[PDB]
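Heads up, the thing below is written out as structure tokens.
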Amino acid sequence: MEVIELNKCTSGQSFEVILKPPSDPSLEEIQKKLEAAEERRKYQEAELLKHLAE
Amino acid sequence: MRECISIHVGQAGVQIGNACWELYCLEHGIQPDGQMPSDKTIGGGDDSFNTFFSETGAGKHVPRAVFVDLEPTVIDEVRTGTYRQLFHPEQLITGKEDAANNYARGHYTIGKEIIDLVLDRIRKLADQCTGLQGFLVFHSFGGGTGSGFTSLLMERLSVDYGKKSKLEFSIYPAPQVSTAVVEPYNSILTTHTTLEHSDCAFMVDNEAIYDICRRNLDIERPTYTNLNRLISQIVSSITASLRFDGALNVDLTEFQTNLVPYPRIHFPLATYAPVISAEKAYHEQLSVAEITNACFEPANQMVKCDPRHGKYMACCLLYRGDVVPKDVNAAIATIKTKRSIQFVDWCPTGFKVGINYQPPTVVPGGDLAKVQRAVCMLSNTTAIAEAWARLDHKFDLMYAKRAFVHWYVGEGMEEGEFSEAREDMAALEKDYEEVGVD
Amino acid sequence: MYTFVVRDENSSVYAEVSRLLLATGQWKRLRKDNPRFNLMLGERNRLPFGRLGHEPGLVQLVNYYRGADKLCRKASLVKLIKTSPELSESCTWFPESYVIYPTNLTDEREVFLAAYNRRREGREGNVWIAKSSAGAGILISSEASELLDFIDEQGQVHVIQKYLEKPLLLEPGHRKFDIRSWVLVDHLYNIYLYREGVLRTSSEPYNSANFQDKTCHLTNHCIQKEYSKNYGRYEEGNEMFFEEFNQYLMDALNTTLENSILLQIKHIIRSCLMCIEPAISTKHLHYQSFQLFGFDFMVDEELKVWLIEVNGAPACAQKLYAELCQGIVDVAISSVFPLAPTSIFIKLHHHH
Amino acid sequence: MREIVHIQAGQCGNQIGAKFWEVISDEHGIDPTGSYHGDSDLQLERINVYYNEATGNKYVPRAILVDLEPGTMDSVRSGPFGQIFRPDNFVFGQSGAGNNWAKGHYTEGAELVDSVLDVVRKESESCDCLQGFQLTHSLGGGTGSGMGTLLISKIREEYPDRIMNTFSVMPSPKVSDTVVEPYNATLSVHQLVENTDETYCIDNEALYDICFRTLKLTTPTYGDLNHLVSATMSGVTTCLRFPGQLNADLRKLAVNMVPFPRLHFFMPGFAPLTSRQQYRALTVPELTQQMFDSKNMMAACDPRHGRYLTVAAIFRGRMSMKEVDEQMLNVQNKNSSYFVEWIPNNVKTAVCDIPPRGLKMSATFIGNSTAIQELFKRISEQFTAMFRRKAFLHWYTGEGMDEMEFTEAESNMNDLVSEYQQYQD
Ligand SMILES: Nc1nc2c(ncn2[C@@H]2O[C@H](COP(=O)(O)OP(=O)(O)OP(=O)(O)O)[C@@H](O)[C@H]2O)c(=O)[nH]1
Ligand SMILES: Nc1ncnc2c1ncn2[C@@H]1O[C@H](COP(=O)(O)OP(=O)(O)CP(=O)(O)O)[C@@H](O)[C@H]1O
Ligand SMILES: Nc1nc2c(ncn2[C@@H]2O[C@H](COP(=O)(O)OP(=O)(O)O)[C@@H](O)[C@H]2O)c(=O)[nH]1
Ligand SMILES: CC1=NN(c2ccccc2)C(=O)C1
Ligand SMILES: CC1=NN(c2ccccc2)C(=O)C1
Ligand SMILES: [Ca+2]
Ligand SMILES: [Ca+2]
Ligand SMILES: [Ca+2]
Ligand SMILES: [Mg+2]
Ligand SMILES: [Mg+2]
Ligand SMILES: [Mg+2]
């Protein structure tokens, strides 16, 4: 039961008590996924319009 | 002094944050019109509460927060509620139609058209900060926005604020208060794209907050108001170290330093007590050994699970009220000889204790009674892995039939991102088992 | 209309309980993978404990205690006893045991050799037995070299404990035997002992000069029915129930099963379960637990009761399946999910 | 402001939608002149979903009445709530559809479709943020069925990202206007499988058997049937018209209710259905047993024959939201063998404080069950009985259709039944 690093101040205090010792995607790549998604929506919506056209 | 910006994404994120900033103004003595009589330094200053609030020349204490939702109904409540004079219109951003509980709609379709706007507003707040610490992101796993637009925002925040810290307050989906079905999908999708960008996330299970509203507060059908007022009480205990004087959890960097040894395992567990009903005739005040001893009862866990069959990696005790260090140590010693607290062999078996003498402020006319001493324990347990299993099992049962996969695929997303993210969760559960079990 | 599930098709005990539940007409069985249930009859290994207690409006009960394997594993128990203060290393009713890991993988190889060398140094008995949880695989020998070598030829955790050289012998027959008590622990952690017990005896005369022929030493019901030649001579199926055995203790020894043995069995059971209670209890948990155990006991010539192992998935006697299973429903299930005596159990009070 | 554009076409579509607006206008407190006279603010909270705000605080339903003959709409304009509608939203011809799907979809209806789509554009442009379109009509006639499907095919082309719900009344020989009702149904069902996000099936036999047997009505009439549909339509639109925790739009609801793009045909139910013992307050357990009872469902399908993919129940009236969670979570855990165990938590419940006009409490049932295939099987049988002999085809071939297109509509509906089948096992 050891208390270490006891810091006291006006509105409280803090400390540590030890009981036992120890035994990214860039911006170019994020624009491609968003635009790649925007293209599959354009594609699908294009098929829908080509289907309604027939 | 270093500032902390708050970001609320989705209905859950917005409402929760709205109850938080109500509690903050009561804890710091900030009036609805923004005035803070106790603040003698007018127009500026580097006090401990200024990390969340700014100051105008007219003495208005304004939060450093942002509310983002793709539908205006929830944010209009803030634009006209009791605390409408706090925020200015820049900080409130609203689309016109939501993501219909669809992640693909919040990340790609809709979010793409608003992402730049939110960053520009977050930028304006960073321009006031002399030393921005990072951001606290409130959001739900279930909503299409809190799950979809949040991950996209997180991905961008890591690009424009690389060295800054980003914590999370995530609402984990519980079917008892939710009428949605495709929530298991959003959760696993938002966690796969946000994992590498979040430094520490605190999960709150609507199922856990719900029961505490029925068992302790005697509320037969808890509403979002009841749930939010309680959630903000925990949010306050976890963020008071940034808004008051002290030395424990003084800046966002210390949250990972103290609670997160390994990067991917950044999901602490929150335990709070006491939770007393105001409607009660009158309650006998619990001792320090009693509320502390309650931090090991599942009934007071923000996520339901059994830590007795997991291993600990860290453990913080944030006391508030009439608590002296002597009593904390004694209560701790008594808990070790009776409880099963197994740490990992590559970590010391210890506790970090912080004490704040101001007792928990209770909202006038609220559900919670005023207590003389409350405590909130944060502890990184491999027992919290139970939450990922339940959610993964639901993901599999649905994905095995491709149920609902067309709504997502119909917004541009690829089906591979389903198995690509599911494979990642299968690895996350694999990391918890390497550290906890023998 | 209560609902339950069956995930263990091999459990003879809970295949009978499942039949009784359906016989009452107020229980409805579901697919082994249906989540909306009140009672789960799960599997032995890797029982998904983490998914219980999360279905809205469903009170859920399982037939196992998460973590009870500490008491039901050969090595796990020897460790629990020596490391748990409630039992201490000087435990009086547990034979001096040692956890021994093979040399191909802590290990008590040295601590064992220190005790083995002091017995041989005082002209004392030194017959040890080797055994592991990976057995149908037992070796009895008075040589420490044969034991440790027999363990190196295996690849799992073995335990070497003192072999009782002076066990009580029934008559006529001069034969070894063991006792099997069935303990049922409900959700409130009330320890119920089945008034009825079984004695699994050996039909071969005990010979203290031959440990190779492991038939007169191991009283397992599967070793007597395969290697023994006097099966069913003295008692049917080498099973003597408390009525006849208690009748034997009064004629030959002038005592009663209750006083000379049952008082100790009623004590060892309380000790093992109250010890691990702070770890496996489901008092304030979101779901509920309950489990049936099988305590195996040894009885020496001095009328002392020893604890061998504790079975987690124990079978029951053919003549006691009906009575014990009905009791399981009355106390373990119906108490949680009531329906629309003279208890067959002996409740062992204690301080929670 | 999430506006919904309502279209009602054909005799049935108008007579039902007419009572529909007559029902919800009463709940929101709007008299036949568009004047509000309610005593609660919840009535005006989400009032702009179906009503536009005109000058003088007038509320004008956002509906478009469509038909190829004048009769059905002359009665609406001069009927109960006739004046409430917008005088310009009356788009009608003079020739009629002759109960012929080809006349509403290819010839007569094609001549008028443009002027209707122009009115739709006036209501859509002024919509701050359009939710989607809901169409009321019958599938066994000419205009509503024929021109209705055409009007859906042209609404998706101009609004490919807006939601489309239909209240489609299925024909029944027991309540039959003409013998060609199987043909007109089979052709529309394929149009609904393709261009509708949600279709509520309202079988006339169920509506008739619900009036005759349960409501003890000796001689049912079309009006009596339309009373039920009115109460039901009101029930399913509660989430979109009143506030509360349940904030929903058509897409948000469609996402949670439709697991597969083609299996979006819902069978609704309502409770209570009491005959004139009519004032006896019905207990919560009584509403939940009937609401889940086949006799109280309007698709004429036995749910115990199929399996539920998703099921939603909405209650109204001041009751116990705690006991509500109890009785619902009771029927589930007592008849779970009919729910698919691969869609977690498919059964959900909502509570609304405002009850229908003259009811302590009600309960609507929105089920997405594979048992709906029984409805498409009866149609396909009646279709094949005639098409095999090419009976009555001359009404259609004379309008420009080929026999090939009939064989296609047949095959398309038989696939639908096959798709529903593999999910039932
Ligand atoms: N604790 C708590 N949970 C909430 C609250 N509001 C919503 N939720 C939960 O959030 C989930 C629904 O997602 P939301 O966050 O509301 O949806 P969203 O973020 O607006 O995203 P979209 O609806 O797709 O635009 C459900 O599981 C709700 O239980 C709240 O105020 N408090
Ligand atoms: N220390 C000891 N002293 C005397 N006999 C012992 C002993 N350890 C084991 N035995 C004998 O071995 C038998 C128990 O074997 P063990 O329990 O190790 O195998 P097992 O677990 O497969 C049988 P069970 O079905 O009871 O679990 C008993 O009948 C007993 O006679
Ligand atoms: N419930 C109900 N069904 C109707 C009504 N009028 C017609 N139907 C049904 O609709 C079919 C005829 O469609 P109809 O209304 O004539 O379509 P229209 O040609 O476009 O006007 C028949 O099968 C009837 O069963 C009505 O008022 N109520
Ligand atoms: C009109 C609609 N109502 N709903 C709906 C669904 C579930 C509950 C309540 C309402 C739709 O999906 C479309
Ligand atoms: C009332 C509501 N019920 N539901 C719903 C959704 C999915 C399954 C079951 C029900 C809503 O979305 C609103
Ligand atoms: Ca200041
Ligand atoms: Ca980062
Ligand atoms: Ca013409
Ligand atoms: Mg939303
Ligand atoms: Mg064994
Ligand atoms: Mg007609």
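Labeling convention for the structure tokens: chains A, B, ... as they appear, residues from 1 per chain, ligands from 1 in order of appearance.
The residues sitting within 10 Å of ligand 9, with only C-alpha atoms and all ligand atoms considered, come out as residues 9, 10, 11, 12, 69, 70, 71, 72, 73, 74, 97, 98, 99, 100, 101, 102, 106, 140, 142, 143, 144, 145 and 146 of chain B; 247, 248, 249 and 252 of chain D.
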Practice item. Compute the set of chain A residues within 9 Å of chain B, using only C-alpha atoms, and express it as a PyMOL selection string. Key: chain A and resi 1+3+7-27+30+33-42+44
Output file for the selection above: N, CA and C atoms, as a short mmCIF file (atom, residue, chain, number, x, y, z; two decimals), in the first residue's frame:
```cif
data_model
loop_
_atom_site.label_atom_id
_atom_site.label_comp_id
_atom_site.auth_asym_id
_atom_site.auth_seq_id
_atom_site.Cartn_x
_atom_site.Cartn_y
_atom_site.Cartn_z
N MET A 1 0.83 -1.20 0.00
CA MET A 1 0.00 0.00 0.00
C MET A 1 0.87 1.26 0.00
N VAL A 3 1.44 5.20 -1.55
CA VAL A 3 0.83 6.38 -2.15
C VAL A 3 1.94 7.25 -2.72
N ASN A 7 -0.67 15.39 -5.27
CA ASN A 7 -0.74 16.79 -5.68
C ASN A 7 -1.98 17.42 -5.07
N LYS A 8 -1.78 18.43 -4.23
CA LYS A 8 -2.87 19.12 -3.54
C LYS A 8 -3.03 20.53 -4.08
N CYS A 9 -4.28 20.97 -4.21
CA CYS A 9 -4.59 22.32 -4.65
C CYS A 9 -5.81 22.80 -3.87
N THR A 10 -6.35 23.95 -4.29
CA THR A 10 -7.42 24.59 -3.52
C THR A 10 -8.74 23.86 -3.67
N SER A 11 -9.02 23.31 -4.86
CA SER A 11 -10.31 22.71 -5.14
C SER A 11 -10.25 21.19 -5.23
N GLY A 12 -9.21 20.57 -4.67
CA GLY A 12 -9.14 19.13 -4.65
C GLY A 12 -7.70 18.66 -4.51
N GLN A 13 -7.49 17.40 -4.91
CA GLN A 13 -6.18 16.78 -4.86
C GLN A 13 -6.24 15.47 -5.63
N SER A 14 -5.07 14.96 -6.01
CA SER A 14 -4.97 13.74 -6.78
C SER A 14 -3.72 12.98 -6.36
N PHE A 15 -3.74 11.67 -6.58
CA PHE A 15 -2.61 10.82 -6.22
C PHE A 15 -2.81 9.45 -6.86
N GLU A 16 -1.79 8.61 -6.73
CA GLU A 16 -1.83 7.23 -7.22
C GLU A 16 -1.51 6.29 -6.08
N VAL A 17 -2.24 5.18 -6.01
CA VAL A 17 -2.07 4.17 -4.97
C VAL A 17 -1.77 2.84 -5.64
N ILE A 18 -0.60 2.28 -5.35
CA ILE A 18 -0.14 1.04 -5.95
C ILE A 18 -0.25 -0.06 -4.90
N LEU A 19 -0.95 -1.14 -5.24
CA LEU A 19 -1.16 -2.25 -4.33
C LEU A 19 -0.15 -3.37 -4.55
N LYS A 20 0.18 -3.65 -5.81
CA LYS A 20 1.05 -4.75 -6.16
C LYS A 20 1.87 -4.35 -7.38
N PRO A 21 3.15 -4.70 -7.42
CA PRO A 21 3.99 -4.32 -8.56
C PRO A 21 3.65 -5.16 -9.78
N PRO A 22 4.09 -4.73 -10.96
CA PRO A 22 3.81 -5.52 -12.17
C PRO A 22 4.58 -6.83 -12.16
N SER A 23 3.94 -7.88 -12.66
CA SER A 23 4.55 -9.20 -12.70
C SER A 23 5.41 -9.38 -13.95
N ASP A 24 -2.37 6.44 -41.76
CA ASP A 24 -3.71 6.99 -41.90
C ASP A 24 -4.00 7.38 -43.35
N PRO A 25 -5.29 7.52 -43.69
CA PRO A 25 -5.66 7.87 -45.06
C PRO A 25 -5.48 9.36 -45.31
N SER A 26 -4.83 9.69 -46.43
CA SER A 26 -4.61 11.09 -46.79
C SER A 26 -5.91 11.72 -47.27
N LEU A 27 -5.82 12.97 -47.73
CA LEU A 27 -6.99 13.66 -48.25
C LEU A 27 -7.29 13.26 -49.69
N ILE A 30 -9.22 10.00 -49.35
CA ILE A 30 -10.58 10.16 -48.84
C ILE A 30 -11.49 10.78 -49.90
N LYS A 33 -12.66 7.64 -52.27
CA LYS A 33 -13.75 6.82 -51.74
C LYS A 33 -15.08 7.56 -51.81
N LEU A 34 -15.07 8.86 -51.53
CA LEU A 34 -16.30 9.64 -51.60
C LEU A 34 -16.76 9.81 -53.05
N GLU A 35 -15.82 10.11 -53.95
CA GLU A 35 -16.18 10.24 -55.36
C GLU A 35 -16.47 8.87 -55.98
N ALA A 36 -15.71 7.85 -55.59
CA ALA A 36 -16.02 6.50 -56.06
C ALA A 36 -17.43 6.09 -55.66
N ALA A 37 -17.86 6.50 -54.46
CA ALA A 37 -19.25 6.26 -54.06
C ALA A 37 -20.20 7.13 -54.88
N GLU A 38 -19.85 8.40 -55.08
CA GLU A 38 -20.69 9.28 -55.88
C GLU A 38 -20.85 8.77 -57.31
N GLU A 39 -19.92 7.94 -57.79
CA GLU A 39 -20.02 7.43 -59.15
C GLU A 39 -20.94 6.22 -59.22
N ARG A 40 -20.93 5.37 -58.19
CA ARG A 40 -21.83 4.22 -58.18
C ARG A 40 -23.28 4.64 -57.99
N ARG A 41 -23.52 5.80 -57.36
CA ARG A 41 -24.87 6.34 -57.31
C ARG A 41 -25.28 6.90 -58.67
N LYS A 42 -24.38 7.62 -59.33
CA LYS A 42 -24.64 8.07 -60.69
C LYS A 42 -24.89 6.89 -61.61
N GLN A 44 -25.94 3.68 -60.85
CA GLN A 44 -27.23 3.06 -60.56
C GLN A 44 -28.38 3.95 -61.01
#
```
All residues 8 Å or closer to residue 27 (chain D), only C-alpha atoms, same chain fewer than 6 positions away omitted, as a short mmCIF file (atom, residue, chain, number, x, y, z; two decimals) with C-alpha atoms, in the first residue's frame:
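Final output, around32.cif:
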```cif
data_model
loop_
_atom_site.label_atom_id
_atom_site.label_comp_id
_atom_site.auth_asym_id
_atom_site.auth_seq_id
_atom_site.Cartn_x
_atom_site.Cartn_y
_atom_site.Cartn_z
CA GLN D 43 -52.48 18.93 -33.51
CA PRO D 356 -58.82 8.42 -32.73
CA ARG D 357 -62.14 10.24 -32.65
#
```
**Study point:** chain C residues near chain D (8 Å cut-off, only C-alpha atoms) as a ChimeraX atom specification
**Key:** /C:1-3,30,34-37,56-57
Residues from last step as file, N, CA, C and O atoms, as a short mmCIF file (atom, residue, chain, number, x, y, z; two decimals), in the first residue's frame:
```cif
data_model
loop_
_atom_site.label_atom_id
_atom_site.label_comp_id
_atom_site.auth_asym_id
_atom_site.auth_seq_id
_atom_site.Cartn_x
_atom_site.Cartn_y
_atom_site.Cartn_z
N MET C 1 -46.67 -18.83 -20.82
CA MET C 1 -45.95 -19.89 -21.52
C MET C 1 -44.45 -19.60 -21.53
O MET C 1 -43.96 -18.84 -22.36
N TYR C 2 -43.72 -20.22 -20.60
CA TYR C 2 -42.28 -20.05 -20.54
C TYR C 2 -41.61 -20.69 -21.75
O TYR C 2 -42.17 -21.58 -22.41
N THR C 3 -40.40 -20.23 -22.05
CA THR C 3 -39.63 -20.71 -23.18
C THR C 3 -38.21 -21.04 -22.74
O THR C 3 -37.63 -20.32 -21.92
N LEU C 30 -37.63 -23.96 -27.89
CA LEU C 30 -37.32 -23.23 -29.10
C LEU C 30 -36.08 -23.83 -29.76
O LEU C 30 -35.44 -24.73 -29.21
N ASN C 34 -32.44 -19.75 -30.78
CA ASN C 34 -33.45 -18.71 -30.62
C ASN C 34 -33.14 -17.90 -29.37
O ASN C 34 -33.01 -18.47 -28.28
N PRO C 35 -33.01 -16.58 -29.49
CA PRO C 35 -32.57 -15.77 -28.34
C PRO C 35 -33.66 -15.51 -27.30
O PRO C 35 -33.35 -15.36 -26.12
N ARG C 36 -34.92 -15.45 -27.73
CA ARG C 36 -36.01 -15.12 -26.81
C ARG C 36 -36.37 -16.36 -25.99
O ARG C 36 -37.23 -17.16 -26.37
N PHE C 37 -35.70 -16.52 -24.85
CA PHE C 37 -35.93 -17.65 -23.97
C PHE C 37 -35.84 -17.19 -22.52
O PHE C 37 -35.29 -16.13 -22.21
N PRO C 56 -34.96 -7.61 -23.98
CA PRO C 56 -35.93 -6.81 -23.23
C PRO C 56 -37.11 -7.66 -22.77
O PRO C 56 -37.59 -8.54 -23.49
N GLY C 57 -37.58 -7.39 -21.55
CA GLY C 57 -38.75 -8.06 -21.02
C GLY C 57 -38.61 -9.55 -20.86
O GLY C 57 -39.63 -10.25 -20.77
#
```
Point to revise | region 266-278 of chain C environment, 9 Å, only C-alpha atoms, sequence neighbours closer than 3 positions dropped, as a PyMOL selection string | key: (chain B and resi 338-340) or (chain C and resi 67-68+70-71+80-81+84-87+93+183+185+189+191+193+261-263+281+295+305-307+346+348-352)
Exercise for review: List all protein, DNA and RNA residues that have an atom no more than 6 Å from any atom of ligand 5, counting only C-alpha atoms and all ligand atoms, and report them as a list in words.
Suggested key: residues 179, 180 and 181 of chain B; 253, 256, 257, 310, 311, 312, 314, 346, 347, 348, 349 and 350 of chain D
Could those selected residues go to a file with N, CA, C and O atoms, as a CSV table (one decimal), in the first residue's frame?
```
chain,number,residue,atom,x,y,z
B,179,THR,N,-36.5,2.0,-31.7
B,179,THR,CA,-37.4,1.3,-32.7
B,179,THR,C,-36.8,1.0,-34.0
B,179,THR,O,-37.5,0.9,-35.0
B,180,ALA,N,-35.5,0.9,-34.0
B,180,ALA,CA,-34.7,0.7,-35.3
B,180,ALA,C,-34.2,-0.8,-35.3
B,180,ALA,O,-34.1,-1.4,-34.2
B,181,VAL,N,-33.9,-1.2,-36.5
B,181,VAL,CA,-33.4,-2.6,-36.7
B,181,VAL,C,-32.0,-2.7,-37.3
B,181,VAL,O,-31.3,-3.6,-37.0
D,253,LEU,N,-38.5,5.1,-42.0
D,253,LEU,CA,-39.4,4.0,-41.7
D,253,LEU,C,-39.2,2.8,-42.7
D,253,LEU,O,-39.2,1.6,-42.3
D,256,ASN,N,-36.0,0.5,-41.9
D,256,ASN,CA,-36.2,-0.4,-40.8
D,256,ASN,C,-37.2,-1.5,-41.1
D,256,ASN,O,-37.2,-2.6,-40.5
D,257,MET,N,-38.1,-1.3,-42.1
D,257,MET,CA,-39.2,-2.2,-42.3
D,257,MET,C,-39.0,-3.1,-43.6
D,257,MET,O,-39.6,-4.1,-43.6
D,310,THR,N,-40.5,-8.2,-40.4
D,310,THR,CA,-40.6,-7.0,-39.4
D,310,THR,C,-42.1,-6.8,-39.1
D,310,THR,O,-43.0,-7.1,-39.9
D,311,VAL,N,-42.3,-6.4,-37.8
D,311,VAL,CA,-43.7,-6.1,-37.4
D,311,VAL,C,-43.6,-4.9,-36.5
D,311,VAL,O,-42.8,-4.8,-35.5
D,312,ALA,N,-44.5,-3.9,-36.8
D,312,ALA,CA,-44.6,-2.7,-36.0
D,312,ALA,C,-46.1,-2.5,-35.5
D,312,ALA,O,-47.0,-2.8,-36.3
D,314,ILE,N,-48.5,0.3,-33.3
D,314,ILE,CA,-48.7,1.6,-32.8
D,314,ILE,C,-50.0,1.7,-32.0
D,314,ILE,O,-51.0,1.5,-32.6
D,346,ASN,N,-37.0,-7.4,-34.4
D,346,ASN,CA,-37.9,-6.9,-35.5
D,346,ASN,C,-39.2,-6.4,-35.1
D,346,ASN,O,-39.9,-5.7,-35.8
D,347,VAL,N,-39.7,-6.7,-33.8
D,347,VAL,CA,-40.9,-6.3,-33.3
D,347,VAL,C,-40.7,-5.0,-32.5
D,347,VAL,O,-39.9,-5.1,-31.5
D,348,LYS,N,-41.4,-4.0,-32.8
D,348,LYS,CA,-41.3,-2.7,-32.1
D,348,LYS,C,-42.6,-2.1,-31.8
D,348,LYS,O,-43.6,-2.5,-32.5
D,349,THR,N,-42.7,-1.2,-30.9
D,349,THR,CA,-43.9,-0.6,-30.4
D,349,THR,C,-43.8,0.9,-30.2
D,349,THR,O,-42.7,1.4,-29.7
D,350,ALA,N,-44.8,1.6,-30.5
D,350,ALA,CA,-44.9,3.1,-30.3
D,350,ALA,C,-46.2,3.4,-29.6
D,350,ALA,O,-47.1,2.7,-29.6
```
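Interatomic distance, CA of residue 152 (chain C) against CA of residue 135 (chain C): 14.7 Å.
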Revision key, fill the gap. The distance between CA of residue 22 (chain D) and atom 3 (N, counted along the ligand's line) of ligand 3 is 17.0 Å
Point to revise | At most 7 Å to chain B: residues in chain C, only C-alpha atoms, as a PyMOL selection string | key: chain C and resi 50-51+56+278-279+284-285
How would the residues just chosen look if you wrote them out with C-alpha atoms as a short mmCIF file (atom, residue, chain, number, x, y, z; two decimals), in the first residue's frame?
```cif
data_model
loop_
_atom_site.label_atom_id
_atom_site.label_comp_id
_atom_site.auth_asym_id
_atom_site.auth_seq_id
_atom_site.Cartn_x
_atom_site.Cartn_y
_atom_site.Cartn_z
CA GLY C 50 -21.80 -12.74 -22.62
CA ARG C 51 -25.09 -12.71 -24.55
CA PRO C 56 -35.93 -6.81 -23.23
CA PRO C 278 -17.52 -13.85 -4.33
CA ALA C 279 -16.41 -14.84 -7.86
CA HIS C 284 -26.83 -8.52 -8.64
CA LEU C 285 -26.24 -9.78 -12.19
#
```
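Residues of region 261-311 of chain B that DSSP places in alpha helix (DSSP H), based on the backbone of this structure, are residues 288, 289, 290, 291, 292, 293 and 294 of chain B.
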Serialized selection, N, CA, C and O atoms, as a PDB file, in the first residue's frame:
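The resulting file, part-v1.pdb, is reproduced below:
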```
ATOM      1  N   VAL B 288     -17.776   6.869   2.204  1.00  0.00           N
ATOM      2  CA  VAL B 288     -16.825   6.780   1.101  1.00  0.00           C
ATOM      3  C   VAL B 288     -16.539   5.325   0.758  1.00  0.00           C
ATOM      4  O   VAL B 288     -16.330   4.977  -0.411  1.00  0.00           O
ATOM      5  N   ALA B 289     -16.518   4.451   1.767  1.00  0.00           N
ATOM      6  CA  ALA B 289     -16.331   3.028   1.510  1.00  0.00           C
ATOM      7  C   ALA B 289     -17.541   2.404   0.829  1.00  0.00           C
ATOM      8  O   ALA B 289     -17.411   1.340   0.215  1.00  0.00           O
ATOM      9  N   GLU B 290     -18.707   3.044   0.915  1.00  0.00           N
ATOM     10  CA  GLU B 290     -19.931   2.498   0.344  1.00  0.00           C
ATOM     11  C   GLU B 290     -20.085   2.853  -1.133  1.00  0.00           C
ATOM     12  O   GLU B 290     -20.290   1.965  -1.966  1.00  0.00           O
ATOM     13  N   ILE B 291     -19.987   4.141  -1.478  1.00  0.00           N
ATOM     14  CA  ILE B 291     -20.062   4.523  -2.885  1.00  0.00           C
ATOM     15  C   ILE B 291     -18.891   3.928  -3.654  1.00  0.00           C
ATOM     16  O   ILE B 291     -19.044   3.469  -4.791  1.00  0.00           O
ATOM     17  N   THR B 292     -17.703   3.923  -3.044  1.00  0.00           N
ATOM     18  CA  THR B 292     -16.555   3.272  -3.669  1.00  0.00           C
ATOM     19  C   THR B 292     -16.813   1.783  -3.861  1.00  0.00           C
ATOM     20  O   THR B 292     -16.544   1.225  -4.931  1.00  0.00           O
ATOM     21  N   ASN B 293     -17.342   1.121  -2.830  1.00  0.00           N
ATOM     22  CA  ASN B 293     -17.664  -0.295  -2.946  1.00  0.00           C
ATOM     23  C   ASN B 293     -18.731  -0.550  -4.001  1.00  0.00           C
ATOM     24  O   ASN B 293     -18.820  -1.669  -4.518  1.00  0.00           O
ATOM     25  N   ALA B 294     -19.537   0.459  -4.334  1.00  0.00           N
ATOM     26  CA  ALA B 294     -20.577   0.307  -5.345  1.00  0.00           C
ATOM     27  C   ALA B 294     -20.031   0.374  -6.764  1.00  0.00           C
ATOM     28  O   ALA B 294     -20.732  -0.024  -7.701  1.00  0.00           O
TER      29      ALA B 294
END
```
Exercise for review: Show me which bits of chain D are within 9 Å of chain A, counting only C-alpha atoms, as an MDAnalysis selection string.
Suggested key: chainID D and resid 153:154 156:157 160
Could you write out the selected residues, including N, CA, C and O atoms, as an mmCIF file, in the first residue's frame?
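Okay, again.cif is ready:
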```
data_model
loop_
_atom_site.group_PDB
_atom_site.id
_atom_site.type_symbol
_atom_site.label_atom_id
_atom_site.label_comp_id
_atom_site.auth_asym_id
_atom_site.auth_seq_id
_atom_site.Cartn_x
_atom_site.Cartn_y
_atom_site.Cartn_z
ATOM 1 N N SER D 153 -44.799 5.436 -62.327
ATOM 2 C CA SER D 153 -43.638 5.290 -63.199
ATOM 3 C C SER D 153 -43.071 6.641 -63.606
ATOM 4 O O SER D 153 -41.861 6.765 -63.824
ATOM 5 N N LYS D 154 -43.920 7.661 -63.715
ATOM 6 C CA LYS D 154 -43.465 8.986 -64.107
ATOM 7 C C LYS D 154 -43.084 9.860 -62.922
ATOM 8 O O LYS D 154 -42.409 10.877 -63.112
ATOM 9 N N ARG D 156 -41.317 8.563 -60.255
ATOM 10 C CA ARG D 156 -39.960 8.141 -59.929
ATOM 11 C C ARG D 156 -38.950 8.678 -60.934
ATOM 12 O O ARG D 156 -37.812 8.987 -60.563
ATOM 13 N N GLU D 157 -39.340 8.797 -62.204
ATOM 14 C CA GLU D 157 -38.427 9.353 -63.197
ATOM 15 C C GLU D 157 -38.057 10.791 -62.856
ATOM 16 O O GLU D 157 -36.884 11.178 -62.946
ATOM 17 N N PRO D 160 -36.429 10.469 -58.576
ATOM 18 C CA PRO D 160 -35.858 9.129 -58.365
ATOM 19 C C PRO D 160 -35.350 8.888 -56.954
ATOM 20 O O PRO D 160 -35.034 7.739 -56.623
#
```
